[PDB]
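Chain by chain, the residues run as shown.
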Amino acid sequence: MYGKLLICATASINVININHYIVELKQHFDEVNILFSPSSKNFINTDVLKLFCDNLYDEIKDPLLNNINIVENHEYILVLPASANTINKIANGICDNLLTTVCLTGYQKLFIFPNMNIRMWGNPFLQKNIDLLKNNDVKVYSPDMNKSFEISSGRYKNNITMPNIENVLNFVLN
Amino acid sequence: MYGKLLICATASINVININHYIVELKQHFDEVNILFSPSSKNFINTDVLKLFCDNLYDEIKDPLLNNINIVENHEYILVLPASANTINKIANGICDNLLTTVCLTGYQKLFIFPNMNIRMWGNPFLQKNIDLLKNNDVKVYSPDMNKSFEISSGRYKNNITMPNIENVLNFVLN
Amino acid sequence: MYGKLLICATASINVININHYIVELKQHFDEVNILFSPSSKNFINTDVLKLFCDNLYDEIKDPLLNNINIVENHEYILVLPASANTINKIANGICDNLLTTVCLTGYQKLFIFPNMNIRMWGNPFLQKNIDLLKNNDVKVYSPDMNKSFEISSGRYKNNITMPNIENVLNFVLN
Amino acid sequence: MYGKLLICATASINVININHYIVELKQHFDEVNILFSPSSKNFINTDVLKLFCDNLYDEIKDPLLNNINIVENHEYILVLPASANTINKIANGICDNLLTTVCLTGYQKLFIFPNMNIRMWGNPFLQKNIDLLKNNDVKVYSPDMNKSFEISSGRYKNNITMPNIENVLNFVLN
Amino acid sequence: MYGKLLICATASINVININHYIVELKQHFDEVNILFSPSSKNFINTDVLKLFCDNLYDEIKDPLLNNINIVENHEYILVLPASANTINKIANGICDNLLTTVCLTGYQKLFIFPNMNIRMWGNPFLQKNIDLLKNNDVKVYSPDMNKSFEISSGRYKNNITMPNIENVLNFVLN
Amino acid sequence: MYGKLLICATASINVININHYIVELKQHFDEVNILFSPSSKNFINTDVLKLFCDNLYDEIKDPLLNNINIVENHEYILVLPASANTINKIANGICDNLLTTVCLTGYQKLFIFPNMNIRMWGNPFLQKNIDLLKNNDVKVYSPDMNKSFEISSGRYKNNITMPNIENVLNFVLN
Amino acid sequence: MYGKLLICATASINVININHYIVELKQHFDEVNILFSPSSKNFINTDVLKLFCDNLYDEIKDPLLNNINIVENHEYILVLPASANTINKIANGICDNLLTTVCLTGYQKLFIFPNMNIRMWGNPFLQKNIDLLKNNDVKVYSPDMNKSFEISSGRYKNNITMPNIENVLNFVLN
Amino acid sequence: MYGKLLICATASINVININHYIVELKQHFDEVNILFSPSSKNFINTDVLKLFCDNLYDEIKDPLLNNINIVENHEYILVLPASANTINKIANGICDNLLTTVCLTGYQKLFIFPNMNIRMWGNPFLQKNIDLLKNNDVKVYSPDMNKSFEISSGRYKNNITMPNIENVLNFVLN
Amino acid sequence: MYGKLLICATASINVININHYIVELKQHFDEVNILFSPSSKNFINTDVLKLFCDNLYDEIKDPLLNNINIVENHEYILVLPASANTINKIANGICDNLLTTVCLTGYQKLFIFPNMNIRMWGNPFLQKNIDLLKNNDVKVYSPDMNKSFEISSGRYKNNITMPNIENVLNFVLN
Amino acid sequence: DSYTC
Amino acid sequence: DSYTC
Amino acid sequence: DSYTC
Amino acid sequence: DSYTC
Amino acid sequence: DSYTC
Amino acid sequence: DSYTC
Amino acid sequence: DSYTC
Amino acid sequence: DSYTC
Amino acid sequence: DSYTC
Ligand SMILES: Cc1cc2nc3c(=O)[nH]c(=O)nc-3n(C[C@H](O)[C@H](O)[C@H](O)COP(=O)(O)O)c2cc1C
Ligand SMILES: Cc1cc2nc3c(=O)[nH]c(=O)nc-3n(C[C@H](O)[C@H](O)[C@H](O)COP(=O)(O)O)c2cc1C
Ligand SMILES: Cc1cc2nc3c(=O)[nH]c(=O)nc-3n(C[C@H](O)[C@H](O)[C@H](O)COP(=O)(O)O)c2cc1C
Ligand SMILES: Cc1cc2nc3c(=O)[nH]c(=O)nc-3n(C[C@H](O)[C@H](O)[C@H](O)COP(=O)(O)O)c2cc1C
Ligand SMILES: Cc1cc2nc3c(=O)[nH]c(=O)nc-3n(C[C@H](O)[C@H](O)[C@H](O)COP(=O)(O)O)c2cc1C
Ligand SMILES: Cc1cc2nc3c(=O)[nH]c(=O)nc-3n(C[C@H](O)[C@H](O)[C@H](O)COP(=O)(O)O)c2cc1C
Ligand SMILES: Cc1cc2nc3c(=O)[nH]c(=O)nc-3n(C[C@H](O)[C@H](O)[C@H](O)COP(=O)(O)O)c2cc1C
Ligand SMILES: Cc1cc2nc3c(=O)[nH]c(=O)nc-3n(C[C@H](O)[C@H](O)[C@H](O)COP(=O)(O)O)c2cc1C
Ligand SMILES: Cc1cc2nc3c(=O)[nH]c(=O)nc-3n(C[C@H](O)[C@H](O)[C@H](O)COP(=O)(O)O)c2cc1C
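So, how was this worked out
Residues numbered from 1 in each chain as written, not as in the entry; some residues may be left out. Chains lettered and ligands numbered in written order. Part of a larger assembly, values for the part shown. Heavy atoms only, no water. Near = heavy atom within 4 Å. Polar contact = N/O pair within 3.5 Å; in protein donor to acceptor, adjacent residues only side chain to side chain. Areas by Shrake-Rupley, 256 points an atom, 1.4 Å probe, with all protein chains shown as cover. Helix = DSSP H or I, 4+ residues; strand = E, 2+ residues; numbered from the N terminus. Nonpolar A, V, L, I, M, F, W, Y, C, P; charged D, E, K, R; others polar. Contact = heavy atoms within 4.5 Å. Buried area = accessible area lost by both parts, 1.4 Å probe. Salt bridge = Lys/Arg side-chain N within 4 Å of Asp/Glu carboxyl O. Disulfide = S-S within 2.5 Å. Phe/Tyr/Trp six-rings, centres within 6.5 Å; stacked < 30°, edge-to-face > 60°. Buried < 20%, exposed > 50% of the residue type's maximum accessible area, 1.4 Å probe, protein only. Axes fitted to C-alpha atoms, helices over the stretch in contact; angles between N-to-C directions. Parallel < 35°, antiparallel > 145°, perpendicular 65-115°, else oblique. Left-handed = near helix turned anticlockwise from the far one by under 90°. Least-squares fit on C-alpha atoms. Pairing = 2+ DSSP bridges.

Asker: How should the site of ligand 7 be read in this particular structure?
Answerer: Lining the immediate environment of ligand 7, one finds 23 residues, of which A11(G), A84(G), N85(G), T86(G) and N115(G) sit closest. The site occupied by ligand 7 is bordered by residues of chains E, G, H and K. Here an oxygen atom of ligand 7 sits 2.8 Å away from a polar atom, N or O, in the side chain of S83(G). Backbone polar atom of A84(G) to an oxygen atom of ligand 7: 2.8 Å apart, as the coordinates give it. Coverage of ligand 7 by the protein chains reaches 93% of its 650 Å² of free accessible surface. Sort the elements by how many residues they give to the shell around ligand 7 and helix α3 (residues 84-91) of chain G lands first, with three residues. Class assignment of the residues belonging to the shell around ligand 7 gives a composition of 12 nonpolar, 10 polar and one charged.

Asker: What is the right way to look at the interface of chain A and chain B in this model?
Answerer: Interface size is commonly expressed as the accessible surface area that is lost when the partners come together. With 20 residues of chain A at the interface, the matching set in chain B holds 22 residues. Buried area between chain A and chain B, summed over both chains or domains, comes out near 1700 Å², and the portion from carbon and sulfur atoms is 60%. Among the residues chain A hides against chain B, the three largest losses belong to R119(A), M120(A) and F125(A). Together they make up 35% of the total. Counting across the chain A and chain B interface gives one salt bridge. The shortest N-O distance in the salt bridge between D96(B) and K89(A) comes to 3.0 Å.

Asker: Hey, could you run me through the state of the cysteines in this one?
Answerer: If you walk through the whole model with that rule in mind, you get zero disulfides over all chains. Among the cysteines around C53(D), which has no disulfide bond, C8(D) carries the closest sulfur, lying 12 Å off.

Asker: What is the right way to read the packing of aromatic side chains from this model?
Answerer: For any pair of aromatic rings, the description rests on two quantities: the centre-to-centre distance and the angle between the ring planes. Residue and element names in this part refer to chain C. By the definition in use, this model includes 81 aromatic pairs over all chains. Aromatic pair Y141 and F171: ring centres 5.3 Å apart, planes at 85°, arrangement edge-to-face. Taken as a pair, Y141 in the loop between β6 (139-140) and β7 (144-150) and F171 in helix α7 (residues 165-173) lie far apart in primary sequence, 30 residues in all. Exposure remark for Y141: the relative accessible area of 9% places this residue in the buried category. Given a relative accessible area of 23%, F171 falls into the partly exposed group.

Asker: Is there a simple way to explain unusual backbone geometry in this structure?
Answerer: Negative phi values dominate among residues other than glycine, just as trans dominates among peptide bonds. For the peptide bond that leads from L80(A) to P81(A), omega is 0°, which places it in the cis range. Residue position: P81(A) is located in strand β4 (residues 76-82). In the Ramachandran plot, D137(E) falls in the positive-phi region, its phi being about 65° despite a non-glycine side chain. Looking at where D137(E) falls in the secondary structure, it is placed in the loop between α6 (124-134) and β6 (139-140). For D137(E), a relative accessible area of 56% translates into the label exposed.

Asker: How should I be thinking about the packing of helix α3 (residues 84-91) of chain I against helix α6 (residues 124-134) of chain I in this particular structure?
Answerer: For any two helices packed against each other, the geometry comes down to the angle between their axes and how far apart the axes lie. Residues and elements named next belong to chain I. One can describe the packing of α3 onto α6 by two numbers: an axis separation of 9 Å at closest approach and a directional angle of 50°. Compared by their axis directions, α3 and α6 come out oblique. With respect to the hand of their crossing, α3 and α6 are arranged in left-handed fashion. Taken together, the residues of α6 that come into contact with α3 (itself represented by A84, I87, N88, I90 and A91) are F125, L126, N129, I130, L132 and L133.

Asker: Is there a simple way to explain the pattern of salt bridges in this structure?
Answerer: As enumerated under the stated definition, the model contains 63 salt bridges over all chains in all. Between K157(F) and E150(F) there is a salt bridge, and its shortest N-O distance comes to 3.6 Å. For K157(F), a relative accessible area of 28% corresponds to the partly exposed category. Judged by relative accessible area, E150(F) falls into the buried class, the value being 9%. A single network of salt bridges, built from pairs that share partners, joins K89(A), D96(A), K89(B), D96(B), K89(C) and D96(C).

Asker: Got a minute to help me understand the relation of the copies chain A and chain B in this structure?
Answerer: Look at the two chain copies: a rotation about an axis and a shift along it is all it takes to match them. The transform that puts chain A on chain B rotates by 120° and translates by 0.1 Å along the axis, for an RMSD of 0.2 Å. What the superposition gives is, in effect, a three-fold axis relating one chain to the other. The rotation axis passes nearest to the C-alpha of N92(A) in chain A, at a distance of 4.4 Å.

Asker: Would you take a moment to explain helix α3 (residues 84-91) of chain H for this structure?
Answerer: Side chains three or four residues apart in an α-helix point the same way, a direct result of the helix having 3.6 residues per turn. Residue and element names in this part refer to chain H. Counting buried positions over the eight residues of α3 gives eight, a clear majority of the element. Of the positions making up α3, those classed as buried are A84, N85, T86, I87, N88, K89, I90 and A91. Looking one or two places after α3, you find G93, whose phi comes out positive at around 70°.

Asker: How do you make sense of the sheet that holds strand β1 (residues 3-4) of chain R when you look at a structure like this?
Answerer: For sheets, the rule is that strands pair by backbone hydrogen bonds, running either parallel or antiparallel. Across the sheet, three strands lie side by side as β8(C)-β7(C)-β1(R); this open sheet has mixed pairing. Each of the sheet's edge strands pairs with one partner strand only, and the pair in question is β8 (155-161) of chain C together with β1 of chain R. Here β7(C) pairs with β1(R) via two bridges, running parallel. Note on β1(R): the bridge partner recorded for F149(C) is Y3(R).

Below is the structure:
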């Protein structure tokens with residue numbers, strides 16, 4: 001059991017399966033808390049996650065949540081899944097919501113797991129920001145390529161896939 | 001008749017005349033669809049554009065619009081009028097609304113037509129982003145200078161003006 | 001008595017004491033007007049400031065406020081308190097609200113007074129933007145260090161503090 | 001520069017381009033004010049016209065607007081575009097909204113510019129009312145026929161078209 | 001004491017003094033009931049009239065009020081004050097609200113007391129309708145001229161005035 | 001099977017049985033579509049008619065319905081039941097709602113079936129409009145007299161009754 | 001013409017005729033402004049008074065109205081009609097709404113015109129407060145007794161009546 | 001069976017058992033009606049009392065309830081439970097809600113049964129008002145002391161208790 | 001460190017600086033909790049005070065807050081700033097909101113710090129209540145006179161001023 | 001069955 | 001002209 | 001008193 | 001049963 | 001420039 | 001700074 | 001016609 | 001199972 | 001006078 005861990009979940013289609021990660025990670029960290037981007041609420045009912053994680057930080061329920069306290073209360077902060085938008089906001093120091101504010105404050109404990117279409121992944125601006133993040137000690141995991149179900153065509157093509165737990169653990173703990 | 005074209009309209013005072021472009025462009029492209037930034041809705045009733053364009057993408061009516069499908073469905077994507085804000089968001093890979101998300105995903109089919117006060121146009125940060133966009137193969141039209149009706153004083157002075165259709169077509173097709 | 005001055009107040013915990021600055025500054029500038037970021041409204045009732053400042057610019061009351069007019073109507077524009085978020089948005093030319101739009105348009109009359117936790121202040125991305133702002137003639141005040149009230153504990157500690165009026169005046173007028 | 005002019009805009013698809021007329025007319029009349037029919041608000045955001053006209057009369061913002069004052073404050077009152085409905089209401093003295101009430105009160109300064117499909121234009125009842133209006137000194141412009149954009153097909157055809165500014169000016173001033 | 005009487009009050013500025021009539025008429029008719037036009041509700045709180053009249057017919061409280069029952073329940077129906085709009089609607093058989101529907105159904109017991117600016121009174125279309133009403137046995141009182149407090153300027157000038165009770169009674173009973 | 005037919009239903013107490021007509025007429029016309037007046041919605045849940053007619057035109061669901069398309073899409077347009085109000089609005093060319101707008105546009109395919117109390121039927125103004133309609137080629141059916149259930153007294157007195165299907169068909173097709 | 005006068009109207013059934021006083025008083029005072037108690041809004045639409053008085057003070061439209069400014073801007077302050085409640089609140093220094101706050105601040109320019117049922121007038125506590133008000137230089141008019149319309153019965157009886165203008169003027173000016 | 005009785009219930013924790021009193025009193029008075037203070041609605045659903053009392057006076061359902069009629073319709077008016085606040089408002093003649101207005105109007109038929117913590121009961125100001133009430137012929141029952149369940153500590157300590165029915169009857173009838 | 005202290009803040013313009021007191025007092029009392037009057041919420045966002053005080057009592061969030069518990073939980077209760085209205089309500093035992101209810105219950109631990117315009121301070125009724133409060137052992141601080149920034153005119157004049165912390169502490173502890 | 005007010 | 005409850 | 005716009 | 005805060 | 005249904 | 005209306 | 005702030 | 005647009 | 005999180 002390691003220290004308290006915070007999941008910063010963003011609006012990736014894969015956020016709908018964030019519960020699998022919470023349960024897995026709860027077997028290795030004292031606490032697993034979660035914080036969502038405003039847009040991810042269009043994909044899931046974030047309320048149900050209260051049943052799996054120790055604490056759910058909701059900026060609508062409480063608009064005055066202390067980002068400094070949140071950062072100090074955790075040893076690890078994971079952006080999972082990390083959207084292109086949030087990755088780029090973090091890289092530019094933009095923090096117009098609680099999630100990004102927490103990421104700016106806790107850049108030293110930040111672990112980013114990118115998830116998006118390979119086409120989005122190729123964006124020049126996104127890539128420049130990913131280099132900037134890495135060159136400034138923000139840990140950015142290298143997306144895995146594999147069989148992914150493409151909601152667009154319903155085909156199982158090759159594309160960026162979500163990281164399995166072993167890889168998450170190894171990237172965060174090593 | 002060329003392929004399907006998408007207009008990404010932003011909050012420039014000139015968005016109120018976007019219908020003139022839709023009608024003109026509809027004479028040259030199989031389809032002319034439109035997508036607005038949240039802020040542009042304070043300038044016009046976007047609903048009426050449904051009468052001129054083939055399809056209106058509304059992220060409020062449908063928060064789960066697939067940006068990948070939208071990008072794949074078009075051969076050309078025009079940011080017209082393109083605000084300083086959206087230009088700068090695109091340059092930094094920021095996509096916190098459907099319009100900018102579409103622009104990040106379809107950077108390869110992107111054509112940007114800047115419109116703003118000459119004073120805003122002189123902003124250092126805006127200009128660095130415009131260079132960055134151009135140096136990464138995003139087509140950015142060079143704003144035209146001419147008699148523009150300044151709303152501050154009901155007097156026609158010289159400033160940045162909207163591109164006429166010939167120039168739009170030539171910039172997009174050549 | 002110098003020219004008209006505009007205060008661009010952002011979501012720093014210290015925005016709750018912005019009235020002290022308005023009253024002080026009103027003793028030296030013909031007019032002291034104020035403009036808030038959307039988020040700062042969660043800290044104070046901005047309506048009450050109408051009793052101290054000459055004019056309150058409210059983008060909700062009037063979504064079509066002319067940023068060019070606002071910039072032209074003032075000789076000085078102060079971002080006070082200036083949040084990490086707004087500082088970073090200005091540095092990247094991002095202007096998705098009235099306050100930042102005004103700051104992009106009036107970069108030449110801009111004076112920024114940073115306020116945030118020392119930990120946030122150390123963010124790499126924030127610092128690169130601060131250099132970029134300074135290297136492009138945007139005046140950025142160097143945060144003062146001193147005794148401060150820590151809301152989490154209710155006790156005093158050393159951290160970034162708000163600038164006193166003498167320093168504000170001297171930084172803006174000299 | 002002639003006296004103050006009032007535009008009474010009704011629910012014709014062409015009301016979306018009413019701004020072009022406001023700007024043009026502002027070059028010839030001391031003031032160009034506007035008043036919309038309730039239904040035209042489904043076509044445009046009338047709020048934006050405040051940026052072009054001197055005054056916007058809004059019966060929702062102020063349900064107690066004095067129609068007598070409005071009529072006395074103008075030398076010319078134009079119903080442009082004039083819908084079949086409003087034309088027929090005026091002809092029968094029906095005034096169940098501010099616009100029609102103003103038209104009944106100011107029949108002596110009224111100039112009507114009909115706009116509608118040629119098929120609607122052929123309605124017997126509409127035509128009897130147009131004769132009645134003309135036979136009672138209400139100036140009714142004769143609709144121009146020419147090439148027009150048909151929203152249903154997106155192609156151009158011959159039909160009633162909007163009057164150009166020269167014709168508007170000549171019909172009102174001569 | 002004569003039979004039950006119904007007052008159909010319309011949106012004339014003088015509707016604010018309708019209570020004086022209710023009280024007076026209640027001294028001569030078994031019952032004095034009232035029915036307002038939708039627009040008159042912008043001038044007064046119709047609810048208070050429940051304290052003076054026997055019954056208040058509210059089409060919003062009850063959208064299914066039987067106009068036939070209402071007409072049969074009264075021996076006299078007065079349109080007081082009668083607006084130009086309602087007079088013209090009655091003349092054309094238009095009944096798009098409860099008040100006008102009642103007037104169409106009870107044309108045989110109808111007594112109309114016009115009230116409006118002398119300028120509105122001169123409207124050609126209004127006058128043709130007044131002749132049509134009279135030529136079809138609808139009793140239309142001839143407006144009185146006298147000192148009227150013009151709201152445009154706090155000065156008493158000569159204009160159409162409200163009928164005193166003696167005249168109302170005499171016109172209705174004789 | 002004849003061409004597409006449109007039913008324009010108005011606020012007559014009998015609109016509650018409009019479904020019987022839809023089903024009957026569907027046995028003789030390719031399509032039977034329906035359009036209601038705003039007031040008729042106080043008598044029935046118009047939504048349920050979607051289960052019987054091919055298409056339901058709802059101006060609230062879609063405020064920008066093309067009246068020209070609606071008229072062109074049908075060979076016959078029936079106002080059934082036709083209220084005194086709608087009959088009179090049509091006769092005067094008044095079209096302040098979708099139903100009346102469609103009737104003005106399609107006067108050449110219009111078939112009107114009046115339904116109201118015999119007392120309302122005797123209104124002078126209504127009758128003048130009915131003559132005007134007939135003298136201008138708008139087909140107006142002559143109301144049938146027979147045993148009708150009078151909701152007012154619960155008695156089966158003689159009054160105007162709804163037309164049976166044979167008469168509807170014969171009046172429309174012959 | 002005397003100085004500016006303020007009417008503080010309270011929830012007496014007679015507040016519905018407050019317009020008669022405004023018009024009368026406007027013939028003798030530079031300005032006649034009005035301020036209502038929250039409860040009086042259940043008797044009338046206070047908005048319409050804007051058409052008769054120079055200024056309407058609305059604590060809902062503006063919750064931060066300066067009572068000191070209001071008191072300083074007038075030479076006379078009349079509580080008319082004055083309810084038992086407001087009279088008693090003033091006597092005890094209670095000011096939980098704008099009207100009573102203004103009355104506490106301007107006790108030196110206060111003129112109270114009581115209106116209520118004779119039975120309420122006999123209340124011991126009310127009377128002790130009236131003595132207290134008089135013994136502290138607050139001018140309290142002695143209610144007139146005469147014929148009055150009793151809303152419950154609709155017949156006339158002897159009771160407290162409203163003061164005529166001569167008496168109001170004489171009590172305020174002498 | 002005595003005359004009609006009115007219960008004026010205030011916001012005492014004991015108002016939740018007011019139904020027991022209604023049922024008991026209904027065995028001795030022709031009618032038992034009830035009227036609640038606005039705040040007592042936070043303790044119970046006042047609607048259910050309609051099932052026990054003859055009439056429920058609701059100032060929200062009807063803001064224009066005639067307090068004079070209410071007082072005249074009853075021989076006895078009981079404030080039960082009577083809160084310190086209502087007792088003090090009555091003593092000062094304050095009537096800013098229907099309940100207190102009724103108590104001011106019916107002071108001659110008023111019977112007050114105080115209920116509150118013994119600590120509140122000791123308040124100097126409350127006691128001065130209780131003397132004032134008694135010295136002006138308002139019947140104020142002397143609170144009973146006994147075993148009361150203290151919600152605060154869950155202990156059955158000695159404190160002021162509610163009056164049993166025998167005492168209520170004897171105090172009111174004797 | 002003394003016992004728990006409660007601040008009862010009322011609607012004085014100075015309530016906007018109540019945070020300065022909370023922070024200061026927190027250096028001397030185990031706990032500093034706050035409770036606002038309903039009206040003071042128009043001056044500030046009371047929510048933010050949760051970041052400075054130990055507990056915020058909100059009667060809207062919880063309408064059933066036990067005033068007895070609140071009073072028992074504190075050794076000192078300060079009305080700061082104390083408005084004329086609240087002072088007068090306390091003096092008369094009026095408690096129609098949580099704040100005044102707490103003050104009635106805890107009169108024995110009450111410390112009142114008056115703040116208002118000198119003109120309001122001169123009100124006879126207010127002064128009689130202040131004497132009554134003092135003569136009944138309620139501690140009422142004597143307002144300080146000094147340079148106060150008058151909001152009517154941006155000029156520093158002499159008037160009642162807020163008490164500095166030394167005086168607050170000395171008045172409460174001695 | 002037809003109806004009438 | 002005057003009213004009472 | 002009678003009124004007019 | 002009587003109650004007390 | 002001109003539109004029709 | 002202290003305030004007054 | 002083109003526009004500018 | 002991972003997803004992709 | 002100054003606050004921090
Ligand atoms: C159905 C759907 C799925 C999406 N999937 C992704 C994704 O896998 N990765 C991504 O970066 N954005 C994805 N997007 C776009 C983001 O939701 C969008 O850029 C958003 O503004 C990001 O906001 P956030 O950073 O606050 O979560 C998707 C959008 C939708 C509607
Ligand atoms: C009346 C008015 C006109 C504006 N005109 C322009 C313009 O021409 N160009 C521009 O870049 N911004 C303009 N702005 C500022 C933008 O609306 C603002 O920066 C906005 O946040 C951009 O958002 P968007 O990128 O989502 O459209 C205008 C604002 C208003 C109120
Ligand atoms: C109680 C609290 C206090 C905060 N204090 C600060 C601060 O001093 N400085 C800062 O940069 N951000 C601070 N934040 C974070 C900002 O509010 C957040 O980054 C926000 O998105 C900035 O938005 P803005 O730039 O529109 O004002 C605080 C947040 C809360 C809830
Ligand atoms: C998309 C659309 C375009 C329309 N165009 C016209 C038009 O050009 N002329 C016209 O007379 N009516 C037109 N109509 C019908 C009118 O809007 C309708 O008769 C309306 O009730 C008129 O109201 P008004 O007189 O208050 O403006 C149109 C309706 C829609 C939905
Ligand atoms: C303050 C004001 C006063 C008015 N006075 C009159 C009047 O005296 N007579 C009249 O015919 N219309 C008057 N009007 C115009 C009518 O209110 C308007 O024509 C309305 O649509 C009539 O509707 P109704 O027939 O349903 O009452 C006035 C309007 C306002 C705002
Ligand atoms: C219960 C009831 C039944 C009605 N029956 C009829 C009827 O049979 N015929 C008619 O012309 N009006 C009837 N009316 C009156 C109309 O509904 C009313 O005149 C309405 O304004 C017409 O609007 P429309 O033409 O938009 O349907 C009735 C009203 C109600 C409340
Ligand atoms: C229809 C009706 C008429 C009233 N008439 C009077 C009156 O003439 N005088 C009075 O003192 N109270 C009267 N009242 C009672 C007051 O409205 C009530 O005491 C109210 O709380 C006073 O509030 P205010 O002082 O804010 O106006 C009346 C109440 C109603 C419902
Ligand atoms: C749970 C609770 C119980 C209360 N019990 C009493 C009580 O027994 N007696 C009392 O005088 N006030 C009591 N109070 C305080 C009153 O409700 C409060 O003073 C209120 O403003 C009185 O308003 P009213 O006179 O309109 O009922 C209680 C409050 C709460 C939340
Ligand atoms: C901008 C403004 C400032 C005020 N300042 C004061 C003040 O300093 N002292 C005071 O007693 N009342 C002041 N008032 C009046 C009170 O807000 C008012 O009497 C209120 O009803 C008191 O309510 P409370 O006792 O619930 O706080 C002010 C009002 C406003 C709108």
